[PDB]
Amino acid sequence: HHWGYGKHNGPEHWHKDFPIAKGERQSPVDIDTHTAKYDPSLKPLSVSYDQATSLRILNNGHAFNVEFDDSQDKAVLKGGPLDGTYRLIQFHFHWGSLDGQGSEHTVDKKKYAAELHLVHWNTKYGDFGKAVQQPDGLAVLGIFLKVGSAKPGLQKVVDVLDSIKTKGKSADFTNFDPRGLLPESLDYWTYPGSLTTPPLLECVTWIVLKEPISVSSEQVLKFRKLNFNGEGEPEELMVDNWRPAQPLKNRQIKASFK
Ligand SMILES: CC(C)Cc1ccc([C@@H](C)C(=O)O)cc1
Ligand SMILES: [Zn+2]
């Protein structure tokens, strides 16, 4: 499998190997703020990260992942639209070559500079590989990034990127607190969707926060110095690793707020 984000292997090609790319609940989507409806049945969202155990940071050739110990209920997402308990396994970002693009979700067609995904899996399915085979297997918290002030809680990530420049590189990344990446407000939109990269499985409850976080131009510039390629291969900067918005089809986006 040779998928990526270039002209010859990018999102417009993925359907040939992954036909679900044209499916009924694909992600990301545009969030029309005038059509999304407040849902008073949504319970309060519960982000419990105080015992999170980060382990490692990895350049996988498509993004960089910060991985967590998910062998116990240490860092969990509950509530909101969710039934049951979802364990944090990793976070990563999608970002652009310029500040005017980079997010996967859009808000009234606005693109943000980047988007953070905190990925969690439903503990009722026992392991992550089983969970992705279920319609309610994953819960992903999506957080928009805009360029302005620096985000102090992001700097420890930015400063290790030099050590994982190329595909397949990893570095120890213990004692990182993901609570430092959240906005003040947990107001959100939610809808059923999919992974936004191959294999594009339709297994995700998306929870997209309304409030973006601010990062500095210097912080996002360091994202853009990473490489898609491996060491000793021609340099391809890791930029524009985002899938565009997909048809909403027979789905409603619900708001947690008035
Ligand atoms: C091998 C696959 C399962 C890895 C993967 C994890 C999470 C995502 C989505 C939810 C995302 O956050 O972009 C996409 C791919
Ligand atoms: Zn993602």
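Each residue's number is its place along the chain shown, starting with 1.
Using the three backbone atoms N, Cα and C, a Cβ is placed for every residue, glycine included.
Looking up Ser48, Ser71, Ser163 in Swiss-Prot for phosphoserine, the annotated residue turns out to be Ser163.
According to Swiss-Prot, of the residues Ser170, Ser194, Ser170 is the one noted as phosphoserine. In Swiss-Prot, the Zn(2+) site is described by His92, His94, and among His105, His117 the residue recorded at this site is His117.
The Cβ of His94 (Zn(2+) binding site) lies under 8 Å from the Cβ of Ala63, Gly102, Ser103, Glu104, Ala114, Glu115, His117, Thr196, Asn241, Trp242, each on the same chain and at least six residues away in sequence. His92 (Zn(2+) binding site) is 10 Å away from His62 (active site, proton donor/acceptor) when you measure Cα to Cα. Counted within 10 Å of its Cβ, the other Cβ atoms near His92 (Zn(2+) binding site) come to 19, all protein chains included. Ligand 1 lies under 6 Å from the Cβ of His117, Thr196, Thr197, out of the recorded positions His62, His117, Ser163, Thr196, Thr197.
The secondary structure of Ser163 (phosphoserine), as reduced to three states from DSSP, is helical. For the Zn(2+) site, the Cβ centre of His92, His94, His117 serves as reference, and the other residues of the chain with Cβ at most 8 Å from it are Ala63, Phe91, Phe93, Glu104, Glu115, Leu116, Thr196.
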